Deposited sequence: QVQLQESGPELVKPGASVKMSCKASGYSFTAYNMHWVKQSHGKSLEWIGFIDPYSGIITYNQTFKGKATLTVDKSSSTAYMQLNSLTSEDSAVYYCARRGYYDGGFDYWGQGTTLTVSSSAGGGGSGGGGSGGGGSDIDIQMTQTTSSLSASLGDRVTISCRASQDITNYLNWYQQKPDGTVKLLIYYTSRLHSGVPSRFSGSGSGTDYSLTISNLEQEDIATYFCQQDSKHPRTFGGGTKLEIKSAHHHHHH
């Protein structure tokens, strides 16, 4: 099966550099782009950039240009991110994620690497707003979570589920299409600027935080997330 193993937690002093590994297995390493993302406590997600391990082409979010360096080792199926000039604001959980499909989505994620430390440009940055930050519903219910873009994103909208583990999964990509192994009770819809994810027959398994992400334009951007209890 597809697996991305990330390296252990880091504890460094200000001004230092650190380097994280992301070891791929269960697929042909060079046939898929590798993206990295940052999540600061508690839950905001930011796109760092990606590397194409086949060509070596890299694309950075203007925000992380100079702060982050992406490389790969083809012979060990390992992707690397170095973070430099470290400050307290770099303290976050960082993630490895594979670009899955022609129409977008990041289909598999590493478990994350925690960094504890004791940038920007002229591109327009599409804002993804999830108007509800916290939602409480009952077992067996049907529930709708909403997402809005500052711009028409022409259906390039994906949904992720994060468990209190830190573990992340792709639920839906390109507005409505389901990632394999995702039950039918998850379904998404929308068009233009407005999108939504609907979960039916809520289960204990669904206690999680749900995140939308736009794939219309660089830099990729996420919504703030919607937390789901019971």
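- Absence of C-alpha coordinates is noted for several segments of the deposited sequence, namely 119 to 132, 245 to 253.
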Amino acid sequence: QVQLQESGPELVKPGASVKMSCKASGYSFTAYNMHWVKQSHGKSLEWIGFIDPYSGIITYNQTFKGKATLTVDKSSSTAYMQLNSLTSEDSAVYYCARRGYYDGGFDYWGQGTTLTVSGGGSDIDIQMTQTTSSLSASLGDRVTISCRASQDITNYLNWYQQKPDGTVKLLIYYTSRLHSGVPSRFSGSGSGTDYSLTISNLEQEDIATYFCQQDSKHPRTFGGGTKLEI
From here on, numbers count along this sequence of modelled residues.
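- As listed in the deposited structure, the average C-alpha B-factor of 125 to 133 and of 97 to 105 is greater for 125 to 133.
- Look at the mean CA B-factor for 59 to 67 and for 30 to 38 in the entry; the higher one is 59 to 67.
- Reading the B-factor column for the CA atoms of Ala149, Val72, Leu157, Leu83 in the entry, the top value corresponds to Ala149.
- Based on the entry's C-alpha B-factors, the most elevated value among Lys13, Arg220, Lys19, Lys23 belongs to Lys13.
- Ranked by Cα temperature factor within the chain, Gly181 sits in the highest third according to the deposited record.
- When the CA B factors of the chain's modelled residues are split into thirds, the value for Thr144 lands in the highest one.
- Among all modelled residues in this chain, the alpha-carbon of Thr175 has a temperature factor (C-alpha) in the middle third.
- In the deposited entry, the Cα temperature factor of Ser7 places it in the lowest third of its chain's modelled residues.
- Ranked by C-alpha B-factor against the other modelled residues of its chain, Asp52 falls in the lowest third.
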